[PDB]
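Given next are the chains, with one letter for each unit.
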Amino acid sequence: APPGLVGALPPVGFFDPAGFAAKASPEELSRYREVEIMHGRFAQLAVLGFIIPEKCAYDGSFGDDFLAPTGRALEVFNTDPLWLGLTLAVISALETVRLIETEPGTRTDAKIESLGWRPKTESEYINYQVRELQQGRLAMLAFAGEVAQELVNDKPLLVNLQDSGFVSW
Amino acid sequence: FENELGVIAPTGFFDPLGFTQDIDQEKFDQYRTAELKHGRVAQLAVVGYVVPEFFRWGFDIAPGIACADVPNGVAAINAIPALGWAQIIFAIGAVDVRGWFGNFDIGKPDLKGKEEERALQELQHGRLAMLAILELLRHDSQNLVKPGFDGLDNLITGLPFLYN
Amino acid sequence: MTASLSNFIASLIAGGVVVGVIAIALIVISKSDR
Amino acid sequence: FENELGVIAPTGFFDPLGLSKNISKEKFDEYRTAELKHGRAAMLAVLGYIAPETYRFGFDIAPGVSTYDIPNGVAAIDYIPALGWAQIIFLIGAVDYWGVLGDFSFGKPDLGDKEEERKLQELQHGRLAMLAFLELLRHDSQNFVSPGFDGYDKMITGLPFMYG
Amino acid sequence: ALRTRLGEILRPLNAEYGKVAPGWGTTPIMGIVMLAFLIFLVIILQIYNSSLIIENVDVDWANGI
Ligand code: CLA
Ligand SMILES: CC(=O)O[C@H]1CC(C)(C)C(=C=C/C(C)=C/C=C/C(C)=C/C=C/C=C(C)/C=C/C=C(\C)C(=O)C[C@@]23O[C@]2(C)C[C@@H](O)CC3(C)C)[C@](C)(O)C1
Ligand SMILES: CC1=C(C#C/C(C)=C/C=C/C(C)=C/C=C/C=C(C)/C=C/C=C(C)/C=C/[C@@]23O[C@]2(C)C[C@@H](O)CC3(C)C)C(C)(C)C[C@H](O)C1
């Protein structure tokens with residue numbers, strides 16, 4: 001069914017119930033894959049960002065005002081809004097650098113070849129691409145869930161776990 | 001080295017961080033020896049954690065002490081005199097390097113046909129036991145440094161029948 | 001993490017965005033004007 | 001084997017019990033390796049049984065114990081906790097089997113036209129040091145069991161000026 | 001000219017001269033490190049200036065004795 005995209009794994013297979021990777025063009029599928037990779041990268045970072053500041057609030061490690069009322073990371077919109085604005089601005093600037101340099105079709109290769117490590121063979125690479133994609137998918141789901149849950153009952157993740165009797169700490 | 005005992009589903013060849021990239025057969029043989037020995041030790045260690053929870057020997061390790069008073073987990077490395085621990089260590093070493101009270105020919109059965117399958121099974125069990133021994137060590141040591149810190153009481157938390 | 005520390009790190013980010021916008025402007029022109 | 005290194009004038013070839021007849025050169029290599037290692041360790045012993053009698057380092061070996069109070073000799077063992085002893089034993093082994101922290105090439109000199117004379121000096125010193133350690137252990141242990149035995153209450157009896 | 005014994009020992013240290021890596025080498029790490037050093041310096045300067053107030057750090061004479 002698929003056209004050679006490195007994705008697709010044993011748990012399910014080629015997951016495409018709605019029929020999008022048959023009604024698209026050769027360039028459209030490339031853009032879809034890029035969209036996937038990028039969303040995943042951001043998400044993964046955002047999940048780690050939700051976890052660590054919130055925990056540092058739970059452990060009294062940043063003072064008694066860090067995420068003041070509850071401890072939710074969605075509370076930065078109340079305490080320090082301009083900091084969040086400037087951070088989104090810096091992200092936007094570096095991503096404008098991306099949009100300028102990278103050309104249509106790439107938009108994912110940061111040319112970070114020597115600055116980091118990489119698998120030496122070729123099969124392992126295919127595996128690492130599949131991994132990046134899978135971690136990104138799981139992170140997308142996790143971020144959506146965290147945001148929805150916190151907007152439902154204003155309460156941090158670890159505390160929502162502690163209450164309601166889902167952990168043992 | 002993509003075809004050597006240890007390749008089993010789901011993960012075909014689990015060398016993600018490129019360790020078998022540029023190595024000769026000697027180094028991979030050393031790695032396999034370390035893996036097999038580690039696995040065997042881990043399996044014996046897990047069995048050792050479980051069994052003293054419902055049975056203790058009838059002798060008296062160390063001058064006093066007695067085998068039925070010693071704590072069960074990460075402790076008992078500080079409740080047995082150091083000389084006895086050193087002697088046990090060196091005896092295990094004698095069995096390890098010299099291979100002494102550990103090579104009896106009645107210990108190498110004729111695995112008619114099934115040799116590779118049984119080698120693969122032994123390696124896989126070693127892997128599982130290595131992870132299990134890590135979990136047991138973490139739970140015990142953490143709940144020893146600060147009683148609690150996990151909520152889960154008891155040392156072998158998982159088999160509640162032993163009431164421990 | 002007091003008010004002073006938050007303001008300090010936010011100032012660091014403001015410096016970052018200023019340098020970033022200057023660099024982005026330089027990259028755009030320099031290229032479109034070989 | 002009556003021409004290999006290790007023959008001096010008092011007792012030229014020492015082998016009364018015939019422990020080196022019919023052996024292959026591989027073994028005699030292993031035997032010489034054991035002799036050299038034991039000799040070096042015995043020298044370091046006969047030097048570590050003396051130094052603490054007038055100079056204790058100062059640090060804390062374990063969380064509560066101080067190397068200012070632990071008695072010297074076959075008594076310090078049961079003071080340092082068994083985990084610390086083990087953590088040492090394994091590091092000494094790391095230096096002994098994998099040859100780490102002990103193979104720095106600038107420690108191996110070029111004895112030139114003396115490499116057959118300094119090796120013999122090393123071996124003979126080791127032979128003497130082994131017997132010295134035997135005597136020190138005898139005195140130490142015999143008095144640690146029954147205090148006052150042999151009458152010479154001190155440790156390094158032969159060096160009275162130290163005030164053992 | 002006048003090879004001395006010391007000179008023989010120290011020769012390898014000065015042996016290679018003018019050797020260089022091509023193509024920007026490890027310059028970006030130098031940039032990262034310089035920036036982090038600048039951040040550290042402004043942190044220290046603003047703490048000492050009392051322009052950055054942190055819990056448990058009072059810039060005043062204390063009783064060490
Ligand atoms: C004096 C006794 C003795 C001797 C001579 C040997 C000899 C050997 N062992 Mg060995 N071993 C012993 C006791 C001994 N063992 C005991 C009691 C255990 C625990 C079951 C093991 C577990 C063991 C494993 C798992 C492996 C060896 C390996 C080896 C071989 C070389 C590596 C080595 O020992 O350097 C030691 C070098 C080190 C760097 C030591 C590592 C220290 C670890 C990481 C942490 C130490 C934790 C702490 C100090 C000990 C707590 C446990 C203790 C209280 C029981 C060699 C044949 C290795 C092998 O066959 O080839 C690779 C190998 O993989 N041994
Ligand atoms: C820099 C350079 O030069 O080279 C670089 C190149 C390159 C490639 C960038 C490098 C890399 C790789 C990197 C950085 C890889 C990073 C990968 C990363 C960071 C992957 C995160 C996954 C997180 C997940 C899946 C979250 C799960 C979370 C899940 C599934 C949850 O359930 C969360 C949860 O909330 C729910 C939803 C409900 C809550 O009630 C309960 C909890 C809280 C449990 C290197 C090695 O750095 C070198
Ligand atoms: C330093 C220190 C410690 C220590 C220690 C250590 C490691 C001490 C080590 C002691 C050690 C290593 C003692 C070896 C003796 C070997 C001997 C005597 C060999 C004799 C061999 C003899 C006498 C002769 C043999 C033969 O002549 C025969 C019989 C016939 C001939 O044909 C052949 C030859 C010539 C070979 C403690 C205790 C751990 C704690 C303390 O706090 C600090």
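Residues numbered from 1 in each chain as written, not as in the entry; some residues may be left out. Chains lettered and ligands numbered in written order. Part of a larger assembly, values for the part shown. Heavy atoms only, no water. Residues with missing side-chain atoms left out of burial classes, pairs and counts.

Header annotation of the entry names cryo-EM as the structure determination method and lists the resolution as 2.93 Å.

By a widespread convention, an interface's size corresponds to the accessible area lost as its parts come together. Taken residue by residue, the interface counts eleven residues in chain C and ten residues in chain A. A combined buried area of about 1100 Å² lies between chain C and chain A, and 79% of that area is made up of carbon and sulfur atoms. The largest contributions to the chain C side of the interface with chain A come from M1, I13 and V17 of chain C, which together make up 45% of the buried area. Remark: the boundary between chain C and chain A carries one salt bridge. Among the ionic pairs, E101 of chain A bridges to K31 of chain C, the shortest N-O distance being 3.3 Å. Counted by class, the side of chain C that touches chain A contains eight nonpolar, two polar and one charged residues. (Contact = heavy atoms within 4.5 Å. Buried area = accessible area lost by both parts, 1.4 Å probe. Salt bridge = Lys/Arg side-chain N within 4 Å of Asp/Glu carboxyl O. Nonpolar A, V, L, I, M, F, W, Y, C, P; charged D, E, K, R; others polar.)

Attention now moves to the site of ligand 3. Residues and elements named next belong to chain D. The local shell around ligand 3 consists of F14, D15, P16, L17, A45, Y49, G73, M130, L131, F133 and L134. At a separation of 3.3 Å, an oxygen atom of ligand 3 approaches a polar backbone atom of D15. For ligand 3, an oxygen atom lies 2.8 Å from a polar atom in the backbone of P16. Contact with the protein chains covers 59% of the free accessible surface of ligand 3, which is 990 Å². (Near = heavy atom within 4 Å. Polar contact = N/O pair within 3.5 Å; in protein donor to acceptor, adjacent residues only side chain to side chain. Areas by Shrake-Rupley, 256 points an atom, 1.4 Å probe, with all protein chains shown as cover.)

What follows covers the pattern of salt bridges. This model, assessed by the stated rule, comprises 21 salt bridges over all chains. We note a salt bridge from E132 of chain A to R41 of chain A, for which the minimum N-O separation is 2.8 Å. Of this pair, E132 of chain A sits in helix α3 (residues 123-152) while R41 of chain A sits in helix α1 (residues 26-58), placing them 91 residues apart in sequence. A relative accessible area of 27% places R41 of chain A in the partly exposed class. With a closest N to O distance of 2.3 Å, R127 of chain B and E35 of chain B form a salt bridge. Placement of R127 of chain B in helix α3 (residues 115-145) and of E35 of chain B in helix α1 (residues 25-50) is noted, with a sequence separation of 92 residues between them. Classification of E35 of chain B as partly exposed rests on a relative accessible area of 25%. A single network of salt bridges, built from pairs that share partners, joins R33, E36 and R137 of chain A. (Helix = DSSP H or I, 4+ residues; strand = E, 2+ residues; numbered from the N terminus. Buried < 20%, exposed > 50% of the residue type's maximum accessible area, 1.4 Å probe, protein only.)

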